[PDB]
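Novice: Kindly return the folded structure for what I paste below:
(4 chains, ligands or ions: 8)
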Amino acid sequence: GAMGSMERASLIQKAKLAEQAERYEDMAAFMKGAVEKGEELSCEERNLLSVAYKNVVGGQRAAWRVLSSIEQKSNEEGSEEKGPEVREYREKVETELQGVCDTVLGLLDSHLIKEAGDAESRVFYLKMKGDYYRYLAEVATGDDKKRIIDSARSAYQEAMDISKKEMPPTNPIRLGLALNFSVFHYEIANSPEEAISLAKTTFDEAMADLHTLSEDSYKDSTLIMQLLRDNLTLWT
Amino acid sequence: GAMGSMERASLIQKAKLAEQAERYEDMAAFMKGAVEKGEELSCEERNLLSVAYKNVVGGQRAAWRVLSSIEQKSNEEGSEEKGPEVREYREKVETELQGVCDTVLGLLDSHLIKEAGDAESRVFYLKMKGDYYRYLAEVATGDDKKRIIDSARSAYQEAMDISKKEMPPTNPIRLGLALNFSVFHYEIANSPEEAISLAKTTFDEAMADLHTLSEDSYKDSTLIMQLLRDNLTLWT
Amino acid sequence: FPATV
Amino acid sequence: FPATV
Ligand SMILES: N=C(N)c1cc(-c2ccccc2)c(NC2CCCCC2)s1
Ligand SMILES: N=C(N)c1cc(-c2ccccc2)c(NC2CCCCC2)s1
Ligand SMILES: [Mg+2]
Ligand SMILES: [Mg+2]
Ligand SMILES: [Mg+2]
Ligand SMILES: [Mg+2]
Ligand SMILES: [Mg+2]
Ligand SMILES: [Mg+2]
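Specialist: Numbers count the residues shown, from 1 in each chain, chains lettered A, B, ... in the order given. Ligands and ions are numbered 1, 2, ... in the order given. The protein structure is shown below:
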């Protein structure tokens, strides 16, 4: 643990500084160090962790897609052989991406999930587990592809089951979980109808519960509801 | 040399792929490996090298400025002591930035400059030497600050002297050199009048030589001339 | 690509 | 900041 000698509070402070400086790799390393202190994470700390790794893996995914597109065009009919380099570099980025996913899943399994008893923490971490298995699934091609997909599905389903029993339909964690599980159905599981049904039902149940909210909670919930509607517009 | 086992041509190809994927740290590592093959660089290869490291150090500089601003506010009057963390993290980013500059200067001194005999290569590398000493100067605070500043000045001056003798006043390398040396005068040497005079004279001498150019050369030169004018507008 | 958070 | 290339 390269961060083992730094105070937990100092790691959290430096994660916040790294965020302001748009140094997301640093932010992720700081938050990994904080997790490895072994204490549970507060709500703010959980979101620092997720923001950091989402930005890191997001850049990797964007790069992988560029390289995968180039590689597919280099293997088309009539294309000129450019050598192993495109595949090699796509593989390099892919391996680094898988490594980030393995790291995040590792933090969740040792030992964030098993200590998370409140719905807002447990649903948050199970959503993250689904998300990072989904990123593995985006690049998976071999014997374990179906098991990787099912690992994502299983995590998202447990998170959904808890969220429906323990959170109001406008809870932003519940909403973001449903948004992302819907995308899993559409893009990973080849289940566009399930994706569309989930997005619609989530939006409608949230709409019916907005009346209970303060102005600030309303803003948080309607922001994610607009993303559900954006996806529905893309898909219908 | 982590890239010692990869073919030169494969390193160049992967640098181009990394650029398309906006993976500038990878692009820089590939181009460092290419330089370390020991052969001179073509024009395209020189620009791949400069693009890669400019993006890397540019991100570092942007982060350093954010952190330096936070640090200065934390040391103001009436501010609440937040501990050593802001300084420590600013120092971490600063040390990484200095390391990138030391790496680029190292490539220029071993052995790109000494083998560069044509004006377009030699002026290009001496401009880079001035640029990376300037980035060191931006963060320098101790006994060697004046020597770092003078190292930048000396490199830029040699590049200017060659460029005036060997290149037309519209040459885009000559123009970019003058743009950046002007910024050195303004921001590093505390010589705003020299900065303004250099930008004006460079712009006017370029304007008078545009008539000699093709449409494509005209576009390249006028793009940089607009940056000279933008700086003059900022400064007057 | 579709929106996720 | 001023422009450089
Ligand atoms: N540095 C940050 N990026 C965050 C900090 C916080 C936060 C701050 C204080 C208390 C709880 C959470 C965040 N929250 C989430 C969840 C609630 C809606 C806004 C996004 S993102
Ligand atoms: N990948 C690239 N970013 C580049 C590739 C090249 C280049 C390509 C072919 C021949 C010479 C240079 C570049 N040139 C410079 C200097 C001339 C004006 C444009 C910017 S930037
Ligand atoms: Mg302690
Ligand atoms: Mg692979
Ligand atoms: Mg259902
Ligand atoms: Mg060879
Ligand atoms: Mg220092
Ligand atoms: Mg003069």
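Novice: Relative to residue A:192, how far out is residue A:231?
Specialist: Relative to residue A:192, residue A:231 is positioned 11 Å away (Cβ to Cβ, to the nearest Å). (Each C-beta comes from the backbone N, C-alpha and C, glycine too.)
Novice: who's in contact with the residue nearest the centre of chain A?
Specialist: Centrality entry for chain A: nearest residue to the mean C-alpha point is residue A:131, 3.5 Å, by Cα atoms, centre = their mean. Taking Cβ atoms under 8 Å, 6 or more residues apart in numbering or on different chains, we find residue A:131 in contact with A:152, A:180, C:4.
Novice: does the second one really touch residue C:3, like I thought?
Specialist: No - Residue A:180 is beyond contact range of residue C:3, at 9.1 Å (criterion: Cβ atoms under 8 Å).
Novice: Have a look at the two and say which one is more surrounded.
Specialist: When neighbours are counted by other Cβ atoms under 10 Å in any protein chain shown, residue A:180 and residue C:3 differ, and residue A:180 comes out ahead with 23 against 17.
Novice: which ones are touching the more buried one?
Specialist: Residue A:180 neighbours (Cβ under 8 Å, 6+ apart): A:127, A:130, A:131, A:134, A:156, C:4, C:5.
Novice: Residue A:116 now?
Specialist: A:40, A:122, A:124, A:125.
Novice: which among the residues you listed end up buried?
Specialist: A:122, A:124, A:125 (16 or more other Cβ atoms under 10 Å in any protein chain shown).
Novice: Can I get those in JSON lines including secondary structure and distance to residue B:46?
Specialist: Shown next, in JSON lines, are the buried ones among the contacts of residue A:116 (DSSP: H, G, I helix; E, B strand; the rest coil; distance: Cβ to Cβ, whole Å):
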{"residue": "A:122", "secondary structure": "helix", "distance to residue B:46": "54"}
{"residue": "A:124", "secondary structure": "helix", "distance to residue B:46": "49"}
{"residue": "A:125", "secondary structure": "helix", "distance to residue B:46": "49"}
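Novice: Just the closest of these to residue A:220, please.
Specialist: Residue A:220 has its nearest neighbour among the buried ones among the contacts of residue A:116 in residue A:124, at 14.5 Å by Cβ to Cβ.
Novice: Look up phi and psi at the residue lying farthest from the centre of chain A.
Specialist: Most distant from the centre of chain A: residue A:78, at 38.2 Å, with distances by Cα atoms, centre = their mean. Residue A:78 has phi and psi values of phi 80, psi 0 when expressed as degrees, to the nearest 10.
Novice: so where do the helices sit in chain A?
Specialist: Here chain A has its helices, by DSSP state H, at A:8-20, A:24-35, A:43-74, A:85-107, A:119-139, A:145-166, A:172-183, A:192-207, A:215-235.
Novice: winner for burial among these?
Specialist: Among the helices of chain A, the stretch with the highest mean neighbour count (mean count of other Cβ atoms under 10 Å in any protein chain shown) is helix A:172-183, at a mean of 25.
Novice: could you give the angle of it to helix A:192-207?
Specialist: With axes from the mean of the first three to the mean of the last three Cα atoms, to 10 degrees defining the directions, helix A:172-183 sits at 160 degrees from helix A:192-207.
Novice: any idea how far helix A:172-183 is from the chain center?
Specialist: Taking Cα atoms, centre = their mean, to the nearest Å, the mean C-alpha location of helix A:172-183 is offset from the chain mean by 10 Å.
Novice: now do stretch A:211-222
Specialist: For stretch A:211-222, the distance to the chain centre is 24 Å (Cα atoms, centre = their mean).
Novice: now the residue lying closest to residue A:57 once chain neighbours are set aside: how far from residue C:5?
Specialist: The shortest distance from residue A:57 to any non-neighbouring residue, by Cβ to Cβ, 6 or more residues apart in numbering or on different chains, is to residue A:100 (5.2 Å). Going from residue A:100 to residue C:5 by Cβ to Cβ gives 18 Å.
Novice: just checking, residue A:13 touches residue B:85?
Specialist: Yes - contact criterion Cβ under 8 Å: residue A:13 and residue B:85 qualify, at 4.7 Å.
Novice: ok, and what's touching stretch A:214-225?
Specialist: The set of residues external to stretch A:214-225 that reach it, using Cβ under 8 Å, 6+ apart, is A:170, A:171, A:172, A:175, A:176, A:179, A:203, A:206, A:207, A:210, A:213, C:5.
Novice: Could you measure from residue A:132 over to residue B:39?
Specialist: Noted for residue A:132: a distance of 43 Å to residue B:39, by Cβ to Cβ.
Novice: residue contacts, residue A:229?
Specialist: Applying Cβ under 8 Å, 6+ apart to residue A:229 gives the contacts residue A:203.
Novice: Let's see that with 6 Å instead.
Specialist: Listed by Cβ atoms under 6 Å, 6 or more residues apart in numbering or on different chains, the contact set of residue A:229 is empty.
Novice: I'd like the helices of chain A laid out as a markdown table, including distance to residue B:55.
Specialist: Listed next are those as a markdown table, based on distance: least, Cβ to Cβ, whole Å:
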| stretch | distance to residue B:55 |
| --- | --- |
| helix A:8-20 | 19 |
| helix A:24-35 | 15 |
| helix A:43-74 | 13 |
| helix A:85-107 | 17 |
| helix A:119-139 | 25 |
| helix A:145-166 | 33 |
| helix A:172-183 | 31 |
| helix A:192-207 | 37 |
| helix A:215-235 | 31 |
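Novice: Could you point out which of the ones you listed sits nearest residue B:71?
Specialist: Of all these, it is helix A:8-20 that lies closest to residue B:71, at 9.6 Å by Cβ to Cβ.
Novice: In terms of secondary structure, what does the closest one contact?
Specialist: helix A:24-35, helix B:85-107 (3 or more Cβ pairs under 6 Å, 6 or more residues apart in numbering or on different chains; DSSP states H and E).
Novice: export those helices to TSV and tack on distance to ligand 2?
Specialist: Formatted as TSV, these follow (distance: least, Cβ to the nearest ligand atom, whole Å):
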stretch	distance to ligand 2
helix A:24-35	24
helix B:85-107	17
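Novice: so which of these gets nearest ligand 1?
Specialist: helix A:24-35 (9.3 Å; Cβ to the nearest ligand atom).
Novice: Spell out which residues of chain A are next to chain B.
Specialist: A:10, A:13, A:14, A:17, A:20, A:21, A:23, A:63, A:66, A:67, A:85, A:89 (Cβ under 6 Å from any Cβ of the partner chain).
Novice: Kindly recompute the last result at 7 Å.
Specialist: Contact residues (Cβ under 7 Å from any Cβ of the partner chain) of chain A with chain B: A:10, A:13-14, A:17, A:20-23, A:63, A:66-67, A:70, A:85-86, A:89.
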